[PDB]
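# Notes for the structure review
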Amino acid sequence: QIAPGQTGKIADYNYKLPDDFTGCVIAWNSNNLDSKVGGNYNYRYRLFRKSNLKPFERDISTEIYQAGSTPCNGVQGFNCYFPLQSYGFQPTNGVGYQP
Amino acid sequence: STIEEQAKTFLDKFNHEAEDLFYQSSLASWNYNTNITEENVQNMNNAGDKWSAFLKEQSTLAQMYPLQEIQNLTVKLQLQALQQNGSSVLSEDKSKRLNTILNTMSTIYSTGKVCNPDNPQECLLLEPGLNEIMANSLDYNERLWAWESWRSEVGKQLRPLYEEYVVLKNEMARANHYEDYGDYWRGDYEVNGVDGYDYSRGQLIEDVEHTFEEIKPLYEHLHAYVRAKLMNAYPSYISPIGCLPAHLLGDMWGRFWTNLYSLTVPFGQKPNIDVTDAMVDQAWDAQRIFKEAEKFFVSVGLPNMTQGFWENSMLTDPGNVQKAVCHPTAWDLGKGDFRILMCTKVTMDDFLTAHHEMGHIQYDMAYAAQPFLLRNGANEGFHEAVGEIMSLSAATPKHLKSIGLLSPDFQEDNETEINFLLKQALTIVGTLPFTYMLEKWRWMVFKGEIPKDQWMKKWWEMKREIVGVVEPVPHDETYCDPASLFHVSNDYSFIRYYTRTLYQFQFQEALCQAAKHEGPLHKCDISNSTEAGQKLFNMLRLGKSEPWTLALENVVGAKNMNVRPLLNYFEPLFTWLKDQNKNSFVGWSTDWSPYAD
């Protein structure tokens, strides 16, 4: 999902590449370092956002996400969720989902 | 603003939280089965309860999103399972007492045993003890002692525990707006929301009953042939138009007749196909057994196995220090982690079982891209059906000669294949009557059509009419036959085995039409053919996200189950059995009994 004019959860709600982006991409398997026995929750992500992030925009706001019109006020409940979610990391996970 | 947006939001966050707890719950069971330790036994309960209570907590929020305002089919299917409250609908007492009955009935099954009448000191448990002895036992009294005495302390003692299981489970179906508990299992086939593909729950009783009528002419000939070979042993108790004893079926419950293949061999003067002696000379181990099967899925176009799959496999049991269950099982946890726990010896069955155990893993790879709640087979019969089509292709002499197991000069003719069809017929044609018989009985008892006193009266009354089996010793309503069965005592679906036979054969006939194979069906081999894999891969990745009636049309082109592929694959055997039964009477009568003369 990382590329000019892409879509998806991580692209829209986390990191997006503008259509004119001239840079490059590099990735390698971290399963031998990040992933450990029992799981590593230190690496999280933003699951829900009221809209799509703009090009080269970073928002760390932890404010609760409101799905409907039901007030939240920072208290989890019906139609109220916590946007940040932790990536499950263990060495037994499939290569496709390896960090 | 609309409930649709709120429903999809609840479903997106549910897959992530459920995938983490579900993976840890299944991972805990893996370490418990691979190694028996005090730490793994507790981890399975903690991880199992954490995931079990997760659905109970999510079910409360799932009932707050009615499905009437959701116009998406994929959204309602995900919430269809979450809308169910499980045991929450039951009363506090009925909810807690239900687990006690399941654990009590399951404990007596494993702890149940029958002491040797001749050796009161030695007392052998049913599994393996009672299941192994009854397999090769040719004695009339030896088989009757363990078969008759088991249900005395089991069937009779499990009757009060089974009665509660019937009343408790019914309260759950009524709270779910189901006609009865019997309709609860039929809900797996329920199809609604698509015009023209709708499948009613009650339609299953008519399909299973309508398709069984066409199997009668094939089973009647197969039953008359088995009774002719065994008629010389006991002509008094075995009548020509009567039924065969219930304890002579070859095992405890008479589920599979494969054990009788030895004495039922039509031709003993010709060799049989076996890879045991061939693999020994080739010097192959469990490491190369799975590797040879992995190349088979690649020939049809299916992706290979991940590196972690073959590295984490368990090829044997390292003694009693670290012990595991040798029962072949395909464990799918999540996050791309696939493993198989089996004890791998050198045999012709392990090679065929390798393709079956790998079929489940290969089947889980197609729909793995679907949501957590959308990852599953279209029904309960497609799980083991997709794995049987792979084993049927390996048992063909063409596939064995390809890799070099069977000699290239081996003569293949009618005498050679006729003996092979009989071996597969006992395991296939033998389970069908027993499956429709036992499954139909549970639906009648749960529906309330059979009073408590007629449970056993209707059990054997319908047994001679369906499978044509009579009881040597008459039993009263105290005994419970299904109570001793594994699936009946463990609260598992017993109907999935009947439909598996019709589904595995439909794909066999459809996949062979894409590969353009000619000749008999049992001669077909899907290896080296990449056209059949592309057609089956479409449905493999669909899972239960789409109605099984629609997905089945894209493969075999049928909207329901059909027995036609059952007659063609068994056609060569039916033509031969019809001639051998001319001197005997085809069929049986329900008015004959071994104790009634």
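For this deposition, the record names cryo-EM as the technique by which the model was determined and cites 4.0 Å as its resolution.

## Here's the deal with the overall build of chain A
Within chain A, the secondary structure is distributed over one helix and four strands. Each helix and strand of chain A, placed in order from N terminus to C terminus, yields the pattern α-β-β-β-β. Taken over C-alpha atoms, the radius of gyration comes to 16 Å for chain A, far larger than the 13 Å a tight globule of 99 residues would show. Taken along the three principal axes of its C-alpha coordinates, chain A extends 45 × 40 × 20 Å.

## Looking at the interface of chain B and chain A
Across the contact, 21 residues belong to chain B and 21 residues belong to chain A. Here chain B and chain A share an interface that buries about 1,800 Å² over both sides, 53% of which is from carbon and sulfur atoms. It is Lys 13, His 16 and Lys 335 of chain B that lose the most area in chain B upon contact with chain A, and together they represent 33% of the buried surface on that side. Across the contact surface, chain B and chain A share zero salt bridges. Counting every contact that joins chain B to chain A gives six residue pairs in polar contact. Mapped onto the side of chain B that touches chain A, the elements with two or more residues apiece are α1 (3-34) and β5 (337-341) of chain B. Sort the elements by how many residues they give to the side of chain B that touches chain A and α1 of chain B lands first, with 12 residues.

## So, the nonpolar core
Ranked by internal contacts, the top residues of the largest apolar core, which has 146 residues, are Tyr 162, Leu 222 and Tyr 498 of chain B. Not counting residues within four places of it along the chain, the set of residues in contact with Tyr 162 of chain B comprises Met 105, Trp 441, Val 445, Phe 446, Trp 455 and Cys 480 of chain B. Residues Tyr 65 of chain A together with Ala 18, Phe 54 and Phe 372 of chain B belong to the second largest nonpolar core, which totals 21 residues.

## Overview of the UniProt feature "binding site: chloride" in chain B
Residues and elements named next belong to chain B. Those residues carrying the UniProt feature "binding site: chloride" are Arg 151, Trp 459 and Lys 463 in this numbering. The subset of the named residues that lines the largest cavity consists of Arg 151, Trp 459 and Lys 463. For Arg 151, the contacting residues outside a window of four places in its chain are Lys 156, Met 252, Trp 253, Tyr 479, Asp 481 and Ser 484. At 3.4 Å, the side chain of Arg 151 and the backbone oxygen of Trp 147 are in polar contact. Position of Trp 459 relative to the elements: it lies in helix α18 (residues 455-466). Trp 459 has contacts with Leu 438, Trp 441, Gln 454, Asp 481 and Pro 482, leaving out every residue within four places of it along the chain.

## So, the packing of helix α4 (residues 92-111) of chain B against helix α7 (residues 155-175) of chain B
All names here are of chain B. Contact geometry of α4 with α7 gives a least axis separation of 10 Å together with a crossing angle of 140 degrees. Relative to α7, the crossing made by α4 is left-handed. On the side of α4, the interface is formed by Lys 94, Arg 97, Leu 98, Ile 101, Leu 102, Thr 104, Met 105 and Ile 108, while α7 contributes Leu 158, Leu 161, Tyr 162, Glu 164, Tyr 165, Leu 168, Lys 169 and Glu 171. Along the lines of polarity and charge, the residues of the contact of α4 with α7 split into 10 nonpolar, one polar and five charged.

## Brief notes about a negative patch on the surface
Taken together, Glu 206, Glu 209, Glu 213 and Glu 214 of chain B make up a surface patch of like negative charges. Residue position: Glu 206 of chain B is located in helix α9 (residues 203-229).

## Thoughts on the environment of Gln 157 of chain B
All names here are of chain B. Examined against the element boundaries, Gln 157 turns out to sit in helix α7. For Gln 157, a relative accessible area of 46% translates into the label partly exposed. Here the alpha-carbon distance between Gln 157 and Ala 532, two residues 375 residues apart in the chain, equals 51 Å.

## Observations concerning the layout of surface pockets
Taken as a whole, the second largest pocket spans an internal volume of roughly 1,300 Å³. Residue lining of the second largest pocket: 38 residues in total, with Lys 9, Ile 10, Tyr 45, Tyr 87 and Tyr 97 of chain A positioned closest to the centre. Elements with a minimum of two residues in the lining of the second largest pocket: α1 (9-13) and β1 (44-46) of chain A together with α1 of chain B. Examining the composition of the lining of the second largest pocket, we find that six residues originate from one element, α1 of chain B, more than from any other.

## Regarding the state of the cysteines
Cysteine pairs can be linked by a disulfide, which is a covalent bond between their two sulfur atoms. Evaluation of the coordinates by the stated rule reveals four disulfides over all chains. Counting its disulfide-bonded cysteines in sequence order, chain B shows a connectivity of 1-2, 3-4, 5-6.

## Digging into α4 of chain B
All names here are of chain B. Here α4 spans 29 Å end to end across 20 residues, near enough to the 28 Å set by a 1.5 Å rise per residue. Along α4, the residues classified as buried are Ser 95, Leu 98, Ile 101, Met 105 and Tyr 109. With its buried residues spanning 120 degrees around the axis, α4 presents them on a single face. Of the exposed residues in α4, the ones pointing more than 90 degrees away from its buried face are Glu 92, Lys 96, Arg 97 and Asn 103. On its buried face, α4 is in contact with α5 (126-136), α6 (140-153), α7, α19 (481-484) and α20 (486-489).

## A look at unusual backbone geometry
Residue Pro 128 of chain B is bonded to the preceding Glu 127 of chain B through a cis peptide linkage, with omega at -10 degrees. Relative to the elements of secondary structure, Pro 128 of chain B occurs in helix α5. Not every positive phi belongs to a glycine, and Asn 73 of chain A is a case in point at roughly 65 degrees. Relative to the elements of secondary structure, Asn 73 of chain A occurs in the loop between β2 (65-66) and β3 (80-81).

## Concerning the pattern of salt bridges
Residue and element names in this part refer to chain B. Evaluated as defined, the whole model comprises 22 salt bridges over all chains. In this structure, the salt-bridge partner of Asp 337 is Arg 339, at a minimum N-O distance of 3.5 Å. Side by side, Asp 337 and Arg 339 carry an identical accessibility label, which is buried.

Rules used throughout
- Residues numbered from 1 in each chain as written, not as in the entry; some residues may be left out.
- Chains lettered and ligands numbered in written order.
- Part of a larger assembly, values for the part shown.
- Heavy atoms only, no water.
- Helix = DSSP H or I, 4+ residues; strand = E, 2+ residues; numbered from the N terminus.
- Rg over C-alpha atoms; globule rule 2.2 N^0.38 Å.
- Contact = heavy atoms within 4.5 Å.
- Buried area = accessible area lost by both parts, 1.4 Å probe.
- Salt bridge = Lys/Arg side-chain N within 4 Å of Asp/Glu carboxyl O.
- Polar contact = N/O pair within 3.5 Å; in protein donor to acceptor, adjacent residues only side chain to side chain.
- Core = buried A, V, L, I, M, F, W, Y, C linked by side-chain atoms within 4.5 Å.
- Buried < 20%, exposed > 50% of the residue type's maximum accessible area, 1.4 Å probe, protein only.
- UniProt positions renumbered as here; feature names shortened; annotations may be inferred.
- 1 Å grid on protein atoms, 1.4 Å probe; cavity = no way out; pocket = protein on both sides within 12 Å on 5 of 7 lines; lining within 4 Å.
- Axes fitted to C-alpha atoms, helices over the stretch in contact; angles between N-to-C directions.
- Left-handed = near helix turned anticlockwise from the far one by under 90°.
- Nonpolar A, V, L, I, M, F, W, Y, C, P; charged D, E, K, R; others polar.
- Patch = residues over 30% accessible without salt bridge, like charges linked within 9 Å, V, L, I, M, F, W, Y side chains within 5 Å.
- Areas by Shrake-Rupley, 256 points an atom, 1.4 Å probe, with all protein chains shown as cover.
- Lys, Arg positive; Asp, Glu negative; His and termini not counted.
- Charge placed at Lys NZ, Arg CZ, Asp CG, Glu CD.
- Points joined across faces, edges and corners; volume = space filled by probe spheres on them.
- Disulfide = S-S within 2.5 Å.
- Expected span 1.5 Å × (residues − 1).
- Arc of directions from axis to C-beta.

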